[PDB]
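Given next are two forms of a protein chain, the same chain in both, each as structure tokens and marked structure 1 or structure 2.
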Structure 1
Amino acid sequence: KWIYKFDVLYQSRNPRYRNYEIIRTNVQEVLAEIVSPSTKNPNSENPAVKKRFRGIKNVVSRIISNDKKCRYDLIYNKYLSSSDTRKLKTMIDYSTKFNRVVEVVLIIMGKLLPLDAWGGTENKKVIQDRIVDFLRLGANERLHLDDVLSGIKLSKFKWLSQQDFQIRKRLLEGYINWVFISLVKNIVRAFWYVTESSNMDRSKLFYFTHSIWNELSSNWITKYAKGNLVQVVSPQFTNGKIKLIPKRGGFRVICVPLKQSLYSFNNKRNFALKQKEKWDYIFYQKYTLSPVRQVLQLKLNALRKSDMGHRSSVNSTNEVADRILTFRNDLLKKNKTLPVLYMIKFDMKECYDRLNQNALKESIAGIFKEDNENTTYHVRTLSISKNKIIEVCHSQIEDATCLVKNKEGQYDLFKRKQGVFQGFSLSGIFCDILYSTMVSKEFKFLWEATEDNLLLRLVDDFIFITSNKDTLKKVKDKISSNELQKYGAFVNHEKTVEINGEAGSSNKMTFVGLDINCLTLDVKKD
């Protein structure tokens, strides 16, 4: 509940390890952090505390000296160099193994802290185990200080109610806190870019050396920017910071929205903006962005109970199984026994990147077609007009800007050629509006006499089940053509799978981790 892990993540560097220093503060600055972390004025304490300053200063001075003497360039070459420029199949295989991360961190701690700074031999093992625990923490996990101190013998820290034994405790709390916050965290940020994988669990962190991470990220960005981005030398909250997340062979490109303007982000520490800009973002989120996100979702649900075209969009794996079993029971009413069924699954290539912006605007306009320009809406009450919806959506689509941190620590700007950024507040609902509009227009023949046809959309994955072999031909014709490219939906033809119940080497199909039997329509998990 005291020592956090998230603030070591996503730290990109370009370090020179020859003549490198972990501790950037002097001995007096550290003494303030240990003794009075809140006030940062240790001279105000009563003399029972100040008499311990010399013993604390000498220990810190030895740690600071050991830091200046430590040859981190040699430690990197021996343990982290890995100078083998061949390629690997998965990105997380470029990361340093977790055992090697622990070994590097504990070796540096051994070269920084003398035995008496650890509190003796027995306490050194205890603190080392707690350092490993901190390294095993997930992105949203934390470690409590009293958890660390519960295994520490205070009496062994000779350099330091009677009020003597209460001062020793507080000094131990402040010192141990300084070890984790300022030494252990700075060691991690000095050698690794810490991030989580696209494999959902955030409790599994991966540690990439800054040398290999800068090569992998920059190579991917220059590739990705060619087909998706346009550099802007030019400049409501439409700016974001690019964040790459390793995905099996490549990266997932995420644009984390800036909660400030580009001015407050540029300068390091202008505070006269930060506190007031916070309110500008809150009022935009509460009174502009949320009503837009709600009215868009409400209009979508309104077409989710009026038209079959939008009815075909689902949101979870279990929701697919529920609509399939319902489709099975609907067939067991028209036939009294399951007929021969035909199944096909297909998916779109990079639905968010290839999304056609012009067709998206027509879709958003299409769901506000029965309203006048003066129309107003009320949400849980908050007021917002149809025009304000269109204005917010157009700025999110057309004015989206991302910041890419390149090799030398600079910051270049980019807009999108087509598509929408992942991570923006309306990107998901945008893709839902466009794809539902596409399914409602292009697959209109399915919705006539729907008692023998089933189409389901998990956002970029499609499954189609039918008892009509002719209708299966119409669906195969629609996806094999390029008529869906108008919307930016490019069928991934290599992953299009088709099975049916007449014959064939298989009667099973896995779609979202469900295992579907085209004979019985029984669906189990995979």
Structure 2
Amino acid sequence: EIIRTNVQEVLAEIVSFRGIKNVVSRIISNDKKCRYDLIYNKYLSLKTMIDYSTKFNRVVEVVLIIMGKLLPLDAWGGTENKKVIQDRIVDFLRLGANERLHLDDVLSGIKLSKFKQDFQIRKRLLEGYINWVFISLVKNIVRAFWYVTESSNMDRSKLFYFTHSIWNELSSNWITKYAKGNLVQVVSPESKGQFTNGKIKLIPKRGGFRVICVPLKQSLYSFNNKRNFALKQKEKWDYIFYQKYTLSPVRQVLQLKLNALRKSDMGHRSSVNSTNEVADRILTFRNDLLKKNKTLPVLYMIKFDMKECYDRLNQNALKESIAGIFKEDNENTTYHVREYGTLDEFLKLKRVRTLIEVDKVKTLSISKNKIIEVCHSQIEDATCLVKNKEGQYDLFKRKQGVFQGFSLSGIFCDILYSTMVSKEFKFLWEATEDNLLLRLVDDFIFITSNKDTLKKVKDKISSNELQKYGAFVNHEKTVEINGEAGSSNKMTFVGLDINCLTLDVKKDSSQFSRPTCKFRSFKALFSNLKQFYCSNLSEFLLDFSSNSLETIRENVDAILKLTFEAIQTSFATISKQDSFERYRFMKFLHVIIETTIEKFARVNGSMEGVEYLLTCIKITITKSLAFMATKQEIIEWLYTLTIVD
């Protein structure tokens, strides 16, 4: 029950002879008589959520035990090619068996597969065989036994295998408890519920789970009727058209109104869009202080975060904030924004590898009435489906707050907190020379030389004046230092170590650890660094529903810089014993760039921002290769890459 295709179909997958059918038959035969649920009894059966996960070594052992039973020794093509393929299987399991397979990296066996001038171009079938072994056999085994989710952690290269039996038990328990305190049932909502339904996804947030709502591309009727494929396809394109022509414009106009307020109001400059911007605003604060009084004064600083900002978000305050940024447009205004494609466009109408080597605008138009209507609909009509354990899939709505995982949830929280910061902290932006406030999603930092204005901020985050917006200060996480030789002088803000005494800002970078660069060849270095890149390129850092583009870009830049730092560190050593070939390096760059763009489109479903990201990648790659004297042809090739038109 691992291979659900016949010998005729599998052999058809390996060509666009007779020994092949001999192997496929023996593999399929072993599949039918393999005692799967006895292996499960032998190998796979409290008080933090990740401890229930199967340890990775037991995960690997189960997979290889199945693979050994499924594939006879000749099916591996040698008693040593088996060692190589098994190592690539472990690498594939370290990516959760969910990332794209690269046949040029996995394949390092040579001849010993005796059908198990042109034998090489007719070895393209070996690519089709190994591909079927990895994507059909290995992946289905993982899907058969485990649910795989990446943790929300500090080090999020960690993928976790929960057996379906224990994952369902953990998930049903947390969801039942979370539904009582945050949700309320629904028996017949509006007929217009086609694009406001979502399914609950859980992420192992330490003591519990993060609750994410993934938008359903169907109506409830189509979801309950799993057999009406045509209707599901019809409504799938309804969402695609709704996302392209309605949701994307609404998000674009909200982002522009929010950007224009960063320049207009002084109260919105305190709202910062990324971590590097937090560092730069502090470094500029430090530098401007060194110019204003020529020394560095004793500085006081306070950091504080919000408790469950999405769950506790005030829907009414959010709706007022949205009306606020549109107060000047007289409720008949049409805005002109760009059109973008969907991921599922090229796929289902064209072919793969959408990054290739006359102009375009492709504008759309949307009115303020629609924007207000769609925003209200997303806030007030968002519903989620919960597994019932009587197999019923009831529908629930939020008592208060906004579901994380919908298109506008991230920008909703940005609009409200920018509005909140601007109206509530008025006594900060006529004396900017002495104090600095910065906002990053839900984390706040405030640095000042005025110990009196420190108490103003310290007394406002202790009152209830921010609860009007749904902001509740996480008091036990509040940290304050002053560096009067009586307190500590190091504080950790988001990703940053900040010295209170000298305003030194240094990045932790421990989230993505050592790229392990010590090899005797560039090919071995690029394969390892390709593994490292995909292992750290998690979906949440490409999620446009929860992060800004500057945050998405800087995260890609952070992974890139670590990857190229490995190249720079070991280039001289490897170049001593292996000649650097620029064309092999460009294929590595092309694979690295393609994977990032593909996963970004996969996560967000919309092509909005791939252009901005592709050119930020070119600039980052250019900068990161400054150490390389001879790169003109490499960089010239890099600059000719575009998104498929």
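Whichever C-alpha set is largest while still superposing within 1.5 Å between the two forms counts as the rigid core. Residue numbering: structure 1 sequence, from 1.
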(message) I want to make sure I read this right: if the two forms are fitted on their rigid core, which of 338, 256, 107, 325 has a C-alpha displacement of 2 angstroms or more between the two structures?
(response) 107
(message) Quick check on residue 208: with the core superposed, does its CA move 2 angstroms or more between the two structures?
(response) yes
(message) Superposing on the rigid core, I want to see if residue 476 changes position between the two structures - specifically a Cα shift of 2 Å or more.
(response) no
(message) Given a core-based superposition, decide whether the C-alpha of residue 28 shifts by 2 Å or more between the two structures.
(response) yes
(request) After lining up the core, report the Cα displacement of residue 282 between the two structures in Å, one decimal place. (result) 1.4
(request) After aligning on the rigid core, report the distance the C-alpha of residue 406 travels between the two structures, in angstrom. (result) 2.6
(request) After lining up the core, report the Cα displacement of residue 375 between the two structures in Å, one decimal place. (result) 0.7
